[PDB]
């Protein structure tokens, strides 16, 4: 049964061992001792643990086992931050993140199995709180990319999958935030009403459980939480940062029968005004680590600022011959050469460190 208030309150955030290991190896390739020590400070900043392949599901057990042992040893209640990201025909409007599951080859049933495997590890460790981000990009694409044939063909499956994950996770007391795009995707005034409709319907079909806490925004993106000085890339959009986006979405969601809360990714938001076009998302050059994870937010509607996308892990390959090459990853404002999405992109990480705002102290 669900407790009241902000679900992050009074919990220590478990630090990702996978990202810690990656940063450690990134730091070991950096010779400048002031940059090296700065790099190593990042494994101390909480990020979300992505389960983008079904071969990782058992690692959740290992993380929950580890977090439970920390809790027993310290007496400090722990919270593990995870991302559910493996819908069949994933990333239907792009090719950079492409997914192991196909709708043509038993995809929906395989996704159900993937969710059950996550659920079966979570059952093993009930004494630790979990916060989960559900399927980045999926529903966002249903609002704005129904024109794309692959997204149309995936719609039923996306909705069924997200609803299945929500009901299974909410049964086990996991706090969920469904991915809801960003200010430059759904904050456009035409997409605000249909977004509110869709997320409210998902909430309804998943059973209106209080463990379905709200939405996540700006995942794998670079938008400001709050900008005084406008970004000219946002020309035509009147909600040009994440707070305006949330302040315009929340009342509509309420009206559609869901008092949603929010969390906001700020992991690569340190530097604004680094894109020529607002739809440019792939390995954007010159980005920096942004506002640190905090429960001191500018709104009652926002539970937490977080780092969902772990900076340094690539968004997509720039190798034009690769099967998963997306032309957005070869843009002029993209850091090239880039390795496959998910894999370590060292020079990108280094710039994220160098461009950190607030700066990383050694």
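Numbering follows the first chain given and starts at 1.
As the entry records it, the average C-alpha temperature factor is higher for 33-41, out of 306-314 and 33-41.
For the segment pair 68-76 and 127-135, the entry gives 68-76 the higher mean B-factor, averaged over Cα atoms. The entry lists C-alpha B-factors for 240, 177, 222, 85, and the highest of these is at 240. Across 266, 280, 81, 195, the entry's maximum B-factor at the CA atom is seen for 280. Among all modelled residues in its chain, residue 231 ranks in the highest third by Cα B-factor. Remark: residue 151 belongs to the middle third of its chain, ranked by C-alpha B-factor as recorded. Among the modelled residues of the chain, residue 15 sits in the middle third by CA temperature factor in this PDB entry.
Ranked against the other modelled residues of its chain, the C-alpha B-factor of residue 299 as given in the entry falls in the highest third. Per the PDB record, residue ranking by Cα B-factor puts residue 159 in the lowest third of the chain.
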